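Trainee: Give me the fold of what follows.
(chains A and B)
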Amino acid sequence: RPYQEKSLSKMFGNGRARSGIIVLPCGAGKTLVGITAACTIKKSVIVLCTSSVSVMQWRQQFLXXXXXXXXXXXXXXXXXXXXXXXXXXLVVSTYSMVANXXXXXXXXXXXXXXXXXXXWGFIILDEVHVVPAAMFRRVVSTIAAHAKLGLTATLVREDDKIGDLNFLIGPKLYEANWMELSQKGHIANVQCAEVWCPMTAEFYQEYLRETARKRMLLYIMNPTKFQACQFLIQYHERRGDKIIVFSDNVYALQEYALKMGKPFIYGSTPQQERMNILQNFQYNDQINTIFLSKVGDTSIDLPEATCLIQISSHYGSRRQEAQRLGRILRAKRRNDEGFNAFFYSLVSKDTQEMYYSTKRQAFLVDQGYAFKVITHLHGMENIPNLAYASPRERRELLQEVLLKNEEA
Amino acid sequence: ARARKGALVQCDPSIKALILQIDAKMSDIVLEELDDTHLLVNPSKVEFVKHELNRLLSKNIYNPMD
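Mentor: Residues are numbered from 1 along each chain as shown, chains lettered A, B, ... in the order given. And now the structure:
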């Protein structure tokens, strides 16, 4: 990819003594850039990752290059260990395993052999936006190499600590514009859209009488959000496109999941059921609407479903939802003549959550994506299958929300 | 057969509830509740009832975007 050689030209310029951060999309090949840099340096390279799936991907890249089984390419994890050799090495480690404090499973010595014997020379950190934390400062404080590299896709955080990475690892060298990359490769056009649904009177006065995170249980459970949600679901099913529903709250995800009758993936869920739901979403055309929480978004991103719906949200964590949204957008690439990606933000008027979703839309403006407002698409008035459209169901839902407030 | 002078206020139900909250905090504001989108309000407060509205929609909206 041209931008990858545009990033490698900086390494080809000076050669020795260099450190910086390279911003590349998730769908791009930053791991290939790490492989090329590993071929240019030829030394013990350590790749800092947070999940085993990324370790398996880096191992697959090592297989795409050459060798992995002979005593040279090592693997560090809490399950097994593998030997290494000087002058050339490729190993992937976990942040929580290298960090620690005093808990030990007779494996911290195996890491202190890679760090004690001084077999290093190249540092690779996956997702640098997570570095602003004490454990990563300890990791950097326990390592020292000749060349450092930071592979990440985003860096927008409101912790005011992203600027420290300019001296902890190095200043950002190349930031690729996702619009020009969309022109190089169709990574699904980004259509940002907020749905403005009216707010009922009872949920408005009860919403004002509530506060903190409890008023979210009155912002999400609005009947017009169920009507507009069903209208968007039936609309996308009529267009023949799969639907992914995001929710920062597990309770709302279970409510919409059970009321819509679709599979759901949330916390404390068996992994076999998660894999079954994933296979049903990949193969079965009857399941075109999945309800995914943060566990289903951080662990895996699927290239299907051009329809992304956002209902639940948390205060301040708008940039993280923009990063996950960006992961689902960049995950969809196949060079199509159309390829229209639709992001809907179900927001209710006069609520305290839309005013942060606007900050998320500001993050979506900083990336160059297109944003437009949507009050209501004509067609919901012709859907007799809408729930909570009658005053009876609205009063019953009001009583259910009041009971939910009495439980919390 | 009876006629009283007041101030007819026409607004959406949410703004109506907000005006009812103004009358709940300051009193001597709303004279009658006509329907879901109309209210009988003391005229000498209307401007205030307007201005306070702006204030309560300035505290609600926030959005500094800075």
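Trainee: Quick check: residues of chain B near chain A?
Mentor: Contact residues (Cβ under 8 Å from any Cβ of the partner chain) of chain B with chain A: B:13-14, B:16-17, B:21, B:36, B:60-63, B:65. Where you see a C-beta, it was placed from the backbone N, CA and C, and this is true even at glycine.
Trainee: Quick check: residues of chain A near chain B?
Mentor: Counting by Cβ under 8 Å from any Cβ, chain A comes close to chain B at A:199, A:201, A:204-205, A:208, A:349-350, A:352, A:355, A:358-359, A:362.
Trainee: excluding its backbone neighbours, what's nearest residue A:194?
Mentor: residue A:345 (4.3 Å; Cβ to Cβ, 6 or more residues apart in numbering or on different chains).
Trainee: right, I mislabeled it, should have said residue A:55
Mentor: Leaving out its chain neighbours, the residue that sits closest to residue A:55 by Cβ to Cβ, 6+ apart is residue A:92, at 4.5 Å.
Trainee: Would you confirm that the one you found contacts residue A:49?
Mentor: Yes - Residue A:92 is within contact range of residue A:49, at 5.6 Å (criterion: Cβ atoms under 8 Å).
Trainee: Secondary structure of residue A:316: a helix, I assume?
Mentor: No - counting by DSSP: H, G, I helix; E, B strand; the rest coil, residue A:316 falls outside a helix, being coil.
Trainee: Quick check: it touching residue A:158?
Mentor: Yes - judged on Cβ under 8 Å, residue A:316 makes contact with residue A:158 at a distance of 6.5 Å.
Trainee: tell me the contacts of residue A:323?
Mentor: A:129, A:153-154, A:156 (Cβ atoms under 8 Å, 6 or more residues apart in numbering or on different chains).
Trainee: Pick out the most distant pair among those.
Mentor: A:153 and A:156 (10.6 Å; Cβ to Cβ).
Trainee: For those two, indicate the residue with more neighbours.
Mentor: The residue with more neighbours, out of residue A:153 and residue A:156, is residue A:153; 21 against 17, by other Cβ atoms under 10 Å in any protein chain shown.
Trainee: Okay, and the beta partners of the residue nearest to residue A:55?
Mentor: Bridge pairing for residue A:92 (DSSP bridges) gives the partners residue A:47.
Trainee: just to revisit the earlier point, show me which pair in the residues of chain B next to chain A is furthest apart.
Mentor: B:36 and B:65 (33.5 Å).
Trainee: What separation do you get for residue A:138 and residue B:40?
Mentor: 67 Å (Cβ to Cβ, to the nearest Å).
Trainee: Spatially central residue for chain B, please.
Mentor: Closest residue to the average C-alpha location of chain B: residue B:19 at 3.1 Å, with Cα atoms, centre = their mean.
Trainee: Can you show me the strands along the chain?
Mentor: Chain wasn't specified; assuming chain A. For chain A, strands defined by DSSP state E occupy the ranges A:18-23, A:44-49, A:89-94, A:122-126, A:147-152, A:172-175, A:189-197, A:243-246, A:264-265, A:289-292, A:307-310, A:340-348, A:370-374.
Trainee: try chain B instead
Mentor: Using DSSP E, strands in chain B cover B:7-10, B:30-33, B:38-41.
Trainee: Deepest-packed of those strands, please.
Mentor: strand B:38-41 (a mean of 18; mean count of other Cβ atoms under 10 Å in any protein chain shown).
Trainee: Now residue A:158, what are its backbone angles?
Mentor: Here is the backbone geometry of residue A:158 (degrees, to the nearest 10): phi -100, psi 10.
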